[PDB]
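Participant: Protein chains in written order, with the deposited numbering: chain A, 243 to 291; chain B, 634 to 682; chain C, 390 to 438; chain D, 487 to 535; chain E, 1025 to 1073.
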Ligand SMILES: *[C@@H]1O[C@H](CO)[C@@H](O[C@@H]2O[C@H](CO)[C@@H](O[C@@H]3O[C@H](CO[C@H]4O[C@H](CO)[C@@H](O)[C@H](O)[C@@H]4O)[C@@H](O)[C@H](O[C@H]4O[C@H](CO)[C@@H](O)[C@H](O)[C@@H]4O)[C@@H]3O)[C@H](O)[C@H]2NC(C)=O)[C@H](O)[C@H]1NC(C)=O
Ligand SMILES: *[C@@H]1O[C@H](CO)[C@@H](O[C@@H]2O[C@H](CO)[C@@H](O)[C@H](O)[C@H]2NC(C)=O)[C@H](O)[C@H]1NC(C)=O
Ligand SMILES: *[C@@H]1O[C@H](CO)[C@@H](O)[C@H](O)[C@H]1NC(C)=O
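1. Kindly confirm or deny that the segment 417 to 436 of chain C and the segment 499 to 509 of chain D touch, where touching means at least three C-beta pairs closer than 8 Å.
2. Using the Cα positions of residue 401(C) and residue 527(D), report the straight-line distance between them to the nearest angstrom.
3. Using a threshold of 6 Å, is the CB atom of residue 491(D) nearer than that to any non-hydrogen atom of ligand 1?
4. Would you call the segment 490 to 497 of chain D and the segment 640 to 653 of chain B touching, i.e. three or more CB-CB distances under 8 Å?
5. Write down the C-beta distance between residue 1043(E) and residue 1049(E) rounded to the nearest angstrom, noting that I regard them as a contact closer than 8 Å.
6. Who are the neighbours of residue 434(C) on chain E, taking C-beta pairs under 9 Å?
7. Could you tell me whether any Cβ in chain C is nearer than 7 Å to the Cβ of residue 528(D)?
8. Closest by CA to residue 650(B), which one among 675(B), 662(B), 637(B), 658(B)?
9. Within 10 Å of its beta-carbon, does residue 280(A) have 16 or more other beta-carbons around it, so buried, or fewer, so exposed?
10. Could you give the C-beta distance for residue 530(D) and residue 397(C), rounded to a whole number, given that I count them as a contact under 8 Å?
11. Counting only Cβ pairs nearer than 9 Å, list the residues of chain H close to residue 499(D).
12. Are the segment 271 to 289 of chain A and the segment 248 to 263 of chain A touching, with three or more C-beta to C-beta distances below 8 Å?
13. Within 7 Å (strictly less), CB to CB, does residue 272(A) reach chain D?
14. Report the three-state DSSP secondary structure of residue 659(B) (helix, strand or coil).
15. Taking residue 396(C) as the query, report the chain A residues whose CB atoms sit under 8 Å from its CB, ordered along the chain.
16. Below 9 Å between beta carbons is the criterion; list the residues of the segment 495 to 523 of chain D that meet it against any residue of chain A, in chain order.
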């Protein structure tokens, strides 16, 4: 994943569903600010403990 | 708030709204002992034929 | 393709933002049994998700 | 008229799966959740001989 | 009193969203996505509600 460089606080988010692992960033949408939007889906075999 | 799709961002980048397929509700006026009746379309100008 | 693995070692294929066609997929299947709970067997052929 | 696909060795499933505690006197039966994987998947190889 | 009339109307405008134990609040989606014999029961449940 190619992202830009800055000095702005941001947010990183890890979660999972039966679809697989879902990875979230705030850089893609609310880079001027702070939210949490979906940007990656990961085809895992099993849930992480 | 009522879980209805208010609007939509189309593939041309043009945002749109969608409300309903509103059709005119009709009432009927009827007279006993003089077999006469008539129809009323409320809240609408004389446009529906 | 490949080898169908065991029931406790099932392989899951996930699909998001693509196109399916069971007309060209279910035809090449020798289906012994076709059950669909909380859904019709024809719903997966037509309705989009 | 479809031979390109392969076939596994034999069908196999897990008839008993359990967790044994540290005391080795209390037994916990296992339950698999909706679209999840049992812990006994980590201990059973690809084929049961 | 004005808010009482407004919430009385919002009672009607809101309870269509409630499934009343059904799986979907759209009757057309119910009759499209389901087979007749169980969609009859689901429609009957939502009609009762
Ligand atoms: C560390 O220091 C750096 C720089 O010193 C900071 O970077 C700046 O951060 C501010 C704060 O977000 C940014 O300001 C934003 O500007 C947007 C408009 O800028 C556009 O237009 C100008 C030209 O007018 C362009 O130069 C620019 O590139 C943009 O194209 C606003 O729209 C933003 O407002 C949004 O967010 C605020 C909340 O922050 C809301 O109130 C608004 O309603 C709106 O949603 C915002 O104000 C600025 O662009 C950044 N500059 C650079 C060079 O990065 C870091 O933020 C700072 N980090 C920390 C942790 O302090
Ligand atoms: C996961 O890794 C562990 C660690 O090696 C594996 O456990 C070994 O399993 C073999 C049998 O296949 C035993 O002979 C070893 O003694 C085990 N070692 C340990 C440290 O537990 C385990 O089999 C692996 N599981 C999978 C599914 O790959
Ligand atoms: C992302 O970075 C890699 C490493 O330099 C580069 O090869 C690739 O082209 C970049 N992709 C984009 C979309 O910038």
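Here a beta-carbon is modelled for each residue, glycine too, at the ideal position from N, C-alpha and C.
Facilitator: With the given structure in hand:
1. No, they do not touch.
2. Going by the C-alpha atoms only, they are around 15 Å apart.
3. Answer for residue 491(D): no, Cβ out of range of ligand 1.
4. Note that the segment 490 to 497 of chain D does not touch the segment 640 to 653 of chain B; fewer than 3 beta-carbon pairs, one per stretch, sit closer than 8 Å.
5. Contact holds; Cβ gap of about 5 Å.
6. Within chain E, no residue has its CB atom less than 9 Å from the CB of residue 434(C), the nearest being about 11 Å off.
7. Between residue 528(D) and chain C, the shortest Cβ-Cβ separation is not below 7 Å.
8. The shortest Cα separation from residue 650(B) among 675(B), 662(B), 637(B), 658(B) belongs to 637(B).
9. The residue is exposed, with fewer than 16 neighbouring Cβ atoms inside 10 Å.
10. Residue 530(D) to residue 397(C), Cβ: 7 Å. Contact.
11. Looking at the structure shown, chain H is missing, and the protein chains on hand are A, B, C, D and E.
12. Contact check between the segment 271 to 289 of chain A and the segment 248 to 263 of chain A: three or more CB pairs, one atom from each, fall below 8 Å, which counts as touching.
13. Not one chain D Cβ lies under 7 Å of residue 272(A).
14. Under the three-state reduction of DSSP output, residue 659(B) falls in the strand class.
15. Ordered by position in chain A, no residue passes the 8 Å Cβ test against residue 396(C), which lies about 15 Å from the chain.
16. Within the segment 495 to 523 of chain D, the residues whose Cβ lies closer than 9 Å to some Cβ of chain A are 519, 520, 521, 522, 523, listed in chain order.
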